[PDB]
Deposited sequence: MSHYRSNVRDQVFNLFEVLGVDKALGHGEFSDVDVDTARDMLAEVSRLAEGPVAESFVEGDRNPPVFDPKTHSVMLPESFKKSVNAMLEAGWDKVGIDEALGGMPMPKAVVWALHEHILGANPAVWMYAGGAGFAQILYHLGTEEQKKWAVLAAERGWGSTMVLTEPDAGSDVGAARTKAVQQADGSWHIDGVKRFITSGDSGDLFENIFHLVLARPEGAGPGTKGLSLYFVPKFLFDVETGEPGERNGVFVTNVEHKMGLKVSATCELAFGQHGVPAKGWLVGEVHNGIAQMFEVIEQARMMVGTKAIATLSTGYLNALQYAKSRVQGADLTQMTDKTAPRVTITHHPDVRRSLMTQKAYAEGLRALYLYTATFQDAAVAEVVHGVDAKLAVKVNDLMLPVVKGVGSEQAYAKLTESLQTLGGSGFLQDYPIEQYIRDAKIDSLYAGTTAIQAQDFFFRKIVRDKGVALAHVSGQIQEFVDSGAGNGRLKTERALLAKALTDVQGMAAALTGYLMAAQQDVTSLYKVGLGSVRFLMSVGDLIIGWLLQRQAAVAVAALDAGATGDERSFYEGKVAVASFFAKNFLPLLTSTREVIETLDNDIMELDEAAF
């Protein structure tokens, strides 16, 4: 087969044995979707991922897109084009999207499980083909006239981009200087240069591209609150039929050469700099740019974390496959006997430690993004968690920085173990883990760096939230921990919950203290990322133990064969994680409780 190894069985286990998404199927907007329908779609898309989508994964990296400056055009490998069009011709880009746009209803938890397979097999495909998902947001936020455009965009299959960054405005989006001047007809003319734009051009892959652009109206206020969101197409088009017309003044002027994700054209995109106006329209005809754009960012941050996790999972499964078959060395128990038979390396304790660590974070993080996705539909959140719509929004907001920040960083860190499992062969392009690592590095940077995720998590999702969402998740873990074979694991989780609550209390103390000495805030920043990562380990631990309980019940009821091996692996991985990673949170709490500002007051030249 291909490089991509899927795990539909684990997705089904989470969705329909552990998390309860099955109880929302057959109800609400999912009247005509049952568990069998969702299972079949998952198997169907996993086969597409493993075949036509994965087929161009290697070539996308080895023969990157070619950029021609004078026609401002990017040419993608033909094999990649077919991969994208194989996905689109099957309609996987439209599941969960409004029926007006050609979609059919589906819980986001299932949608993200479906898209996991695409993100694992060839993530850039998902990016180039996000047009309809972009159209969904434009449909939600636009005037009635702009809704017809969104409908057209979805059906003519346009490509799409999210356009915020400028050389001087990356983390600080509010510093952007791309400007917008209103025209007599109500149109606007966009004028500026944007940097690092994913899918900024894609050649003849699509009939059109509609950029969603942040720009500052002439005379607008400063910062992010002064930015407005604009619909700017590559081609002007017939507002009735969608037929592309005159080329609009939006041009790629450069394409970055990157560590990985090479098939995703990361572009310098110029608006109105080449003699042709960049005509655009104010989304919703209101000035509400940063709020509007964050509907896109929220999806971007979910995708990026799910991508990081999809990559770890297939990285782990490739390493496991290799390890079962690689003979090297003798069993440690027969070390003195140098004539002892050679064994497969899964017999070596460090290889099993490595593989169980990979397993725990692949499956642990899979559970985490699926659990997060059960809060992204109010109806699913209601039936699974018994929370009302407002609280579900708060919990999803709480969990997004965890999915993105912990997923990106832990996936990359544990792909190191995947590669280590192959020995020297892991350093070769013959195996895909090398590329997995290069493609995954980006996940801690774009859609907001980890430091921005951790700042958002504490200041916006806990402090501004008054801790409500965190107290809800904490309370669910408390109940789980207070409720035979899993008693030791639950006590380690009780300790980890207490450790994380002590982290949050210390950081809130630093926050409170800042009223007397404002530099106390630096301590919060110093601890923010370790706190973010600790919460992730806590929720991974809990979800894995919820899985282990379902597995114990399945084994007692007489599981046999492959199902028994699946459930046996869940008991072991939940216990392994509890004993090897949860106790580390104790030392981290002590460090966070002890933070000082020595390194803040240090002279910069001392570094």
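The deposited sequence has C-alpha coordinates everywhere except the stretch 484-487.
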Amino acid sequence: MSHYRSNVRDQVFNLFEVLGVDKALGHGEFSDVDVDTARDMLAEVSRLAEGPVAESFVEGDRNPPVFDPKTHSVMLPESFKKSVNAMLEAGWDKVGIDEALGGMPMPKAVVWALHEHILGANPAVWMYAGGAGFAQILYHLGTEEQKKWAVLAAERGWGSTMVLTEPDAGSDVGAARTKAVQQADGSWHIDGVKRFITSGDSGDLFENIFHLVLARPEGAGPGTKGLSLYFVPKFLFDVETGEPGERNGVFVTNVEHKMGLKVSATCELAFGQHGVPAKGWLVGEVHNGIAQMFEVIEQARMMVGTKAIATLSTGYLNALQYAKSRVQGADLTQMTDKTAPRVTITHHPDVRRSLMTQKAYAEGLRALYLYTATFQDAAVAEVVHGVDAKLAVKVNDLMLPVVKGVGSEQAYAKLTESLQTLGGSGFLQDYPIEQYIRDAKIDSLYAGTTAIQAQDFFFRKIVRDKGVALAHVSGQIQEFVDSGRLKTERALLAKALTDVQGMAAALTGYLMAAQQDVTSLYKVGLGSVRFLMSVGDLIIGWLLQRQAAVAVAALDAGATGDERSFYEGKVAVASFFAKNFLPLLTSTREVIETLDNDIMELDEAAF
From here on, numbers count along this sequence of modelled residues.
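Note on 277-285 vs 310-318: mean CA B-factor is higher in 277-285. Comparing the deposited coordinates for 352-360 and 238-246, the stretch with the larger average C-alpha B-factor is 238-246.
Across the options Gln453, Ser187, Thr344, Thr161, the residue with the most elevated CA B-factor in the record is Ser187. The entry assigns its greatest Cα B factor, within the set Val529, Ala505, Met399, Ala129, to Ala129. Among the modelled residues of its chain, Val213 has a C-alpha B-factor that falls in the lowest third according to the deposited record.
Sort the modelled residues of the chain by CA B factor and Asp172 lands in the middle third. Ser46: CA B factor lies in the highest third for its chain, per the PDB record.
In the PDB entry, a CA B factor belonging to the highest third of its chain's modelled residues is recorded for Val33.
Residue-level temperature factors show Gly541 in the lowest third of its chain, judged at the C-alpha atom.
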